[PDB]
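# Structural overview
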Amino acid sequence: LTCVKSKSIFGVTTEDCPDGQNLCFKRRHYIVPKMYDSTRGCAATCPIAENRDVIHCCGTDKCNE
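Residues numbered from 1 in each chain as written, not as in the entry; some residues may be left out. Heavy atoms only, no water.

As recorded in the PDB header, X-ray crystallography is the method behind this entry, and the stated resolution is 1.801 Å.

Quick look at unusual backbone geometry now. In this structure, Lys34 is a non-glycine residue whose phi angle is positive, near 65°. The topology assignment puts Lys34 in the loop between β3 (23–32) and β4 (35–43). Of the residues examined, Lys34 reaches a relative accessible area of 74% and is grouped as exposed. Phi at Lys62 takes a positive value of approximately 55°, unusual for a residue other than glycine. Counting through the fold element by element, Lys62 comes out in the segment after β5 (53–58). Taking relative accessible area as the criterion, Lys62 reaches 35% and is therefore assigned partly exposed. (Helix = DSSP H or I, 4+ residues; strand = E, 2+ residues; numbered from the N terminus. Buried < 20%, exposed > 50% of the residue type's maximum accessible area, 1.4 Å probe, protein only.)

Right, here's the structure in full:
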């Protein structure tokens, strides 16, 4: 599995996930309403949506882009 690790106006980083990490995630952490910072990566289990988080997990290559 490959997951996007960074995606910006400057470039994109893709990671081949290590053994045991067969999910990609994209986490949107909201600072104020309708404004948020996005983090992405591989994961073994879908990360917990903590305070102010919306988290999407998926299982195909670069599905979190």
